[PDB]
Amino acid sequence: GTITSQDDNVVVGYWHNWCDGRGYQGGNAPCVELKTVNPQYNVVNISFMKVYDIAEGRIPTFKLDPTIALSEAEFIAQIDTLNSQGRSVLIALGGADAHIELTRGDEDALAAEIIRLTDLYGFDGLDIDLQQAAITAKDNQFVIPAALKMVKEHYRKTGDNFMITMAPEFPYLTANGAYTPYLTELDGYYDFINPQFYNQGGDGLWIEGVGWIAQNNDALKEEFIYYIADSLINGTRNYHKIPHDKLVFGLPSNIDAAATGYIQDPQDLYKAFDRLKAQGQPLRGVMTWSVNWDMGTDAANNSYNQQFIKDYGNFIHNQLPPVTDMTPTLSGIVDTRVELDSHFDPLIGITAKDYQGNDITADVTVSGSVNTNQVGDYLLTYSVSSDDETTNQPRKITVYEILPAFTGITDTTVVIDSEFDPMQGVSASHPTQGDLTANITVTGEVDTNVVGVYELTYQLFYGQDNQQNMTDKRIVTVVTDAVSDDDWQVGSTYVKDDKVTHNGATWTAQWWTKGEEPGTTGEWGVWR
């Protein structure tokens, strides 16, 4: 077949490239032939493309499991059958426990291998299902998008829409989260995203005014679906925006398919989707891990017997076609701190794209102005318009000033008649004004001829016209080098004629003493 893409709603189902997988509740997922997958799965994702052995190098590939007892030619024939029915068959990249680790420069080879596989098997696109370390490993976040742009562009040349989808686990979809480079680099290139709303336990989101709604909360499942979808399709509540026409809700087929996330009561999904439709934002479909689980058995060897497609196929297909959200995007805008009098350029680092991923950076406009010569906050708003839609985003610029620092102003003791230079070892600096030593004045003097304690007040003047100032005080004590009688000690014993220094005076013992303080023994006592 040819490249077969989906224009309307989708029910996506992963297909296991292996047999008899064990379920989270002890069930079993048989391998199944593609031609047996229920027709209402209009996108079927071959799982998985990955590195099958590092002796083949870093570029991942796909190798059909022969125990499924499809020859290569037969597998190709069943893909062609699905394509003849207008269904798409994508190759899923990654999966659980698949490590992929690419280096900048691997993008040409990855693209070449994607195309090779696509042309050989009849695949219609590729699903990004990077998990754990593979999301962020080495240069993956650059290489994988770059490769896929090439692949898209290669098939566009012949008028074919090579589909690109992704299956991020929903916790990675916060605004600056690990999947964000894939989503932003491929804006305009991807057909839809089918996040996983399973296996995340008690993770979820905080709804200001209703509380924490967890993915494992079966009492609040309607609210979970509604609010996490509402946040995603509007870029609110700290989630990255995925337009509603491009959001497909991923679910486990049953309790064996994933540890948590199974919808016990399909009504909760019907109602959440209906609510989303009611505010003008119908979703694009559902996704499931997996067709094999939908055709599998539980631990008691009872058949699941297609309960997932029974619950969701007709509901999702019997909907109007999607309506494209053509809002443009802005990238690069972050509140920024700028030091007083530095240069600031409000356009550097900021870019914009239309909904098809075309660069429209030159079309951005900015209102507001920053005055880097005055500390304070300044608010800018960036705007861009395309396709009769407009996106805006604020940016706070804070102008701040840093105090200079003195060095060398430490209390010190010097000997009588020594030379003392109050500026010796003293400096000031500032990060932007540089050496400010010449801006320091000294109030007070030290007289090194006269024993005593001398205070010096250092002032630094800085800033515009030197009208800012800071002060620091220093004590310089001048001590004699004159040797004197040893200080009186309260525990020492003295005898007649012994002399001691105490309380600034020299005293002479008149007889035996221990523990009597000089100066306190009166007109006629032991110390005189």
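All residue numbers refer to positions in the sequence shown, first residue = 1.
J.: If you average the CA temperature factors over each stretch, which comes out higher, 306-314 or 355-363?
T.: 355-363 has the higher mean C-alpha B-factor.
J.: When the Cα temperature factors in the entry are averaged, is it 117-125 or 404-412 that ends up higher?
T.: It is 404-412.
J.: Determine which member of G261, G296, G434, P171 has the highest CA B-factor, using the values in the deposited entry.
T.: That would be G434.
J.: Just to confirm, going by the entry's C-alpha B-factors, which of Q267, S331, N216, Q424 comes out highest?
T.: In this record, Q424 carries the highest C-alpha B-factor of the candidates.
J.: Split into thirds by Cα B-factor across the chain's modelled residues, where does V43 land: lowest, middle or highest?
T.: For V43, the deposited C-alpha B-factor lands in the lowest third.
J.: Splitting the chain's C-alpha B-factors into thirds, which one does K246 fall into?
T.: Ranked within chain, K246 CA B lands in the lowest tercile.
J.: Compare the C-alpha B factor of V370 with those of the other modelled residues in its chain, then answer lowest, middle or highest third.
T.: Highest third.
J.: By its CA B factor, does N28 count among the lowest, middle or highest third of the modelled residues in the chain?
T.: Bottom third by C-alpha B-factor.
J.: In terms of the CA temperature factor given in the entry, to which third of its chain does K63 belong: lowest, middle or highest?
T.: Middle third.
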